[PDB]
Number of protein chains: 2
Amino acid sequence: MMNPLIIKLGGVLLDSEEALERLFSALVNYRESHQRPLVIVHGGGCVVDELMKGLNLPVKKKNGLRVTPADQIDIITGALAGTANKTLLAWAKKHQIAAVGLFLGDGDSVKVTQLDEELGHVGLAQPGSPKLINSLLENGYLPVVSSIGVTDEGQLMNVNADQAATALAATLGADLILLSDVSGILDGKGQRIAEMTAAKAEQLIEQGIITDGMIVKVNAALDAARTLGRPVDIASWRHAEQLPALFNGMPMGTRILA
Amino acid sequence: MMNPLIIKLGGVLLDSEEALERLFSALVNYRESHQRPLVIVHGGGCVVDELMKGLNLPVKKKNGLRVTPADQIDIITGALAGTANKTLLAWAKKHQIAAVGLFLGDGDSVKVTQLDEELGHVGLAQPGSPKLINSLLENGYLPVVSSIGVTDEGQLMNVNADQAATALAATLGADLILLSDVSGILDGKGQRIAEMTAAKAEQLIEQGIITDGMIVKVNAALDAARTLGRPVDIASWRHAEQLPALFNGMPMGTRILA
Ligand SMILES: Nc1ncnc2c1ncn2[C@@H]1O[C@H](COP(=O)(O)OP(=O)(O)O)[C@@H](O)[C@H]1O
Ligand SMILES: Nc1ncnc2c1ncn2[C@@H]1O[C@H](COP(=O)(O)OP(=O)(O)O)[C@@H](O)[C@H]1O
Ligand SMILES: CC(=O)N[C@@H](CCC(=O)O)C(=O)O
Ligand SMILES: CC(=O)N[C@@H](CCC(=O)O)C(=O)O
Ligand SMILES: [Mg+2]
Ligand SMILES: [Mg+2]
């Protein structure tokens with residue numbers, strides 16, 4: 001089988017029925033026209049931010065990573081490993097896609113350990129075993145993986161989805177594309193930056209151009225690019241007409257060069 | 001491979017760390033001493049009742065089944081398919097058990113359709129395809145399945161865990177044991193009833209002895225018993241010393257006769 005292609009899904013578009021319908025329409029068209037096996041890794045920081053409101057809880061992110069206290073890991077796991085994951089599985093079913101929902105601990109796909117006591121139950125993701133997912137792919141299923149993981153001691157961990165995607169990419173030797181709610185990395189004037197290198201990324205970060213979630217995203221992209229030795233793109237899945245070319249490997253956002 | 005044994009886990013014991021540690025200890029001991037493949041199906045009505053409190057929402061059950069409005073299916077899916085499911089996967093990991101979390105729609109394991117518009121997103125579970133789970137079992141994994149499902153049209157459905165377990169039992173041609181927070185079905189004086197038949201069940205229900213969740217449970221048990229042609233037990237997993245004999249097939253609660 002060919003090297004898989006991991007499509008990481010994130011952004012506020014995860015809360016759009018029209019966006020999801022358009023996306024799954026394009027996924028089906030791609031699947032039925034390409035032999036390359038697909039794997040979906042999803043985030044859902046928005047679903048969490050909403051549930052923390054209905055719950056009246058605060059949201060603190062220490063440089064892109066959400067502080068996850070022990071008293072909030074269950075709620076977060078519910079939102080990400082449950083709600084977000086099963087919502088995507090429902091859309092796949094609606095589109096006759098045979099999918100299987102998983103989290104990082106299934107088949108030890110992605111190894112996770114506590115990153116920093118200051119962050120709480122936030123995990124550091126690293127390559128695991130590709131056996132389970134490789135078998136699922138060889139049997140014709142579309143794995144849909146959340147970013148919740150678990151340590152060997154049995155503690156649930158919240159992994160930022162971008163880092164989970166990169167770790168899984170190395171595990172599977174797969175290509176990676178990071179889809180968000182913005183047309184790639186934007187510059188000081190808010191215009192799309194076509195190509196990105198580690199040196200340029202550093203500059204923009206120091207200048208304060210790349211902040212919050214995009215800092216974590218560009219770093220995960222660079223890691224994947226140098227690890228896989230292939231370019232990694234950051235693009236938007238907001239506009240239907242661009243979806244086709246996007247999956248075809250066309251530069252639609254910011255291409256991260258190894 | 002032998003016919004699997006589905007262990008359905010429910011009750012308030014799902015909220016007990018001591019109970020969970022004791023249970024997984026006995027599961028490991030059973031697994032390492034029996035060739036019969038295990039499959040876990042879990043409920044978690046308690047996790048839901050708590051989340052509906054922190055949210056300040058009402059809980060209505062029309063004869064054992066929780067009314068699930070469209071505006072609550074995502075929250076419920078989060079609690080059951082997410083929190084409850086991943087909590088059990090963490091305990092399995094803690095005990096070196098290679099498990100894989102699934103929901104009813106994975107591999108179309110259990111077919112689900114809307115049961116009644118009066119109930120909202122509550123599903124009617126029926127046998128599906130045993131291919132995915134049979135493969136997981138043959139590869140050495142312990143499937144841990146939640147009771148959330150999805151219709152062919154892509155709508156998430158809340159299935160009462162007892163009914164999901166029975167449907168999966170028929171699908172896999174597996175034996176079934178329903179574990180709860182009570183020592184089986186109790187009579188008018190609150191004493192354990194050793195054996196149960198369809199005729200006796202009807203009587204007790206009409207008399208008001210068997211109510212709420214136990215009505216759904218005894219009915220699912222009877223269906224499984226007549227469908228599989230084998231006895232189905234309803235017992236408690238509260239006391240550690242009883243766990244061994246329980247899994248060994250000893251009468252610890254109420255044995256449902258076909
Ligand atoms: N230079 C930048 N270019 C583009 N987006 C940026 C930049 N700096 C910060 N962002 C923020 O990063 C967000 C995307 O990251 P995030 O919210 O974590 O979503 P996700 O990871 O689910 O795709 C964009 O919505 C934007 O608000
Ligand atoms: N005759 C009865 N015998 C035993 N338990 C009963 C009976 N009638 C009602 N119950 C209730 O059924 C409950 C178990 O059902 P339920 O709460 O749905 O838990 P679960 O399905 O997770 O095991 C018991 O805790 C008890 O409160
Ligand atoms: C640790 C951490 O930041 N986690 C992410 C996971 C979801 C995502 O990437 O969208 C979070 O927002 O909670
Ligand atoms: C429909 C329905 O009653 N669902 C169950 C599922 C969990 C269980 O059986 O514990 C419920 O309480 O929400
Ligand atoms: Mg993000
Ligand atoms: Mg019940």
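First listed ligand is number 1; within each ligand, the first listed atom is number 1. These values consider heavy atoms only, across backbone and side chains, with no hydrogens, waters or symmetry-generated copies. Every chain is numbered from 1 and lettered A, B, ... according to where its sequence line falls, protein lines coming before strand lines.
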Any atoms of ligand 2 less than 4.0 Å from a non-hydrogen atom of [X]? List them with their elements.
{"X": "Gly11(B)", "result": "20 (P), 22 (O), 23 (O)"}
{"X": "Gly184(B)", "result": "4 (C)"}
{"X": "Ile209(B)", "result": "1 (N), 2 (C), 8 (N)"}
{"X": "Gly213(B)", "result": "15 (O), 18 (O)"}
{"X": "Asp212(B)", "result": "9 (C), 10 (N), 11 (C), 12 (O)"}
{"X": "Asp181(B)", "result": "24 (C), 25 (O)"}

Subject >> Polar side chain donor-acceptor pair, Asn158(B) to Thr68(B), under 3.5 angstrom >> reply: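 A donor-acceptor contact under 3.5 Å links the two side chains.
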Subject >> Under-4.0 Å heavy-atom contact between protein and atom 27 (O) of ligand 2 >> reply: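 Within 4.0 Å: no protein heavy atom nearby.
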Original post:
Is any N or O atom of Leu186(B), backbone or side chain, closer than 3.5 Å to an N or O atom of ligand 2?
Top reply: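 Checking ligand 2 against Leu186(B), an N or O pair does fall under 3.5 Å apart.
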Original post:
Hey, is ligand 2 close enough to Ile185(B) that some N/O pair sits below 3.5 Å?
Top reply: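 No: no nitrogen or oxygen of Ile185(B) is under 3.5 Å from one in ligand 2.
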[X] side chain to [Y] main-chain N or O, any donor-acceptor pair under 3.5 Å?
{"X": "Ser183(A)", "Y": "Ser236(A)", "result": "no"}
{"X": "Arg255(A)", "Y": "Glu195(A)", "result": "no"}
{"X": "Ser25(B)", "Y": "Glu21(B)", "result": "no"}
{"X": "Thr166(B)", "Y": "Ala220(B)", "result": "yes"}
{"X": "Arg238(B)", "Y": "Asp181(B)", "result": "yes"}

Can you tell which part of [X] has a heavy atom less than 4.0 Å from ligand 2: side chain, backbone, both or neither?
{"X": "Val182(B)", "result": "side chain"}
{"X": "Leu14(B)", "result": "neither"}
{"X": "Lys8(B)", "result": "side chain"}

**OP:** Please test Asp162(B) against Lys8(B) for salt bridge (charged side-chain N to carboxylate O under 4.0 Å, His left out), starting from the C-alpha separation and ending with a verdict.
**Re:** CA-CA 7 Å; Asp162(B) 292 331; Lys8(B) 186 269 173 168; 2.8 Å; yes
Subject >> Residues, nucleotides or ligands: over 12 heavy atoms within 6.0 Å of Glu241(B) CD >> reply: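 Result for CD/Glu241(B): enclosed.
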**OP:** Using non-hydrogen atoms of the residue, decide whether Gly45(B) is closer than 4.0 angstrom to ligand 2.
**Re:**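 Under 4.0 Å: no for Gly45(B).
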Original post:
Picking from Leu257(B), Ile193(B), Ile256(B), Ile210(B), what satisfies side chain to side chain contact (heavy atoms under 4.5 Å, CB included) with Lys200(B)?
Top reply: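 Of the listed options, the one satisfying the test is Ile193(B).
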